[PDB]
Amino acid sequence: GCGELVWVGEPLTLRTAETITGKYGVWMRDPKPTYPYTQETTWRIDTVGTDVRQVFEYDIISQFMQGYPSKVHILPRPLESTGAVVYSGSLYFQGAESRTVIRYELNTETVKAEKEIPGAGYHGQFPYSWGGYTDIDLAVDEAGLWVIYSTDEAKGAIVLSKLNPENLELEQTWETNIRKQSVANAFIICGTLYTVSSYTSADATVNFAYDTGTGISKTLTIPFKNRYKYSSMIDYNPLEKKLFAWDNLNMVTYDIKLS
């Protein structure tokens, strides 16, 4: 059941990092789970620092919320920032100090594909408003895998491209009029890109939308609360139909409603 985003619920805290290494990070589930994982499997990456390689994996939700990881993967190359996603058995992440997206198959711990995002800024050229080298933000929605970025040709406006999940080729590209560094983060629901106005405010909003199906841009005023005042990661999971976010040590989730 697709539709336009009309409401975001209150953030629910599922886990809190215990060290500064997890001030920012990304946590995620696979909306297209594949053996040996399930819809309960959760991954967590604490992303502070310069040689981020540890990916914590939890087989079931209770372990993610209360226990130790069931497995730790050591990535073969350091990861950049908070934009990564898991999709159909692979972690898609950006190589540190690069515009390269890497497909890392989790079960086999194998790199299956790598792609430079053509023309994408990286390492602080088109971050979201908080910085954090957030130039490249992967996304999964009801239609599959996407990447959110910008380029010099787009003058820093958000660009989004649909990606082939097997080989990382770009399938189609859209250019918005939204300055990427003017918004706190972004995510895609049902082919519409949404942005969040602030990473600090308890009274932020989902403030812009761009519908890739119609080409129409809109302003919105949907309330969005940063409970802990520093949201470094905001993504959408189309299986759960929820937002997943990382806010100042806290892994949080928001319910949503679509028209």
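Heads up: residue numbers just count along the shown sequence, starting at 1.
Comparing the deposited coordinates for 217 to 225 and 23 to 31, the stretch with the larger average C-alpha B-factor is 217 to 225. In this entry, 1 to 9 shows the higher mean Cα temperature factor of the pair 1 to 9 and 250 to 258. Of the candidates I158, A143, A139, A184, it is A143 whose Cα B-factor is highest according to the PDB record. Listed residues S198, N207, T42, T212 were ranked by CA B-factor as deposited; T212 comes out on top. In the PDB entry, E105 places in the middle third of its chain by CA B-factor. When the modelled residues of the chain are ordered by C-alpha B-factor, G89 sits in the middle third. When the CA B factors of the chain's modelled residues are split into thirds, the value for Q125 lands in the middle one. When the modelled residues of the chain are ordered by their C-alpha B factor, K71 lands in the middle third. In this PDB entry, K180 carries a Cα temperature factor that places it within the lowest third of its chain's modelled residues.
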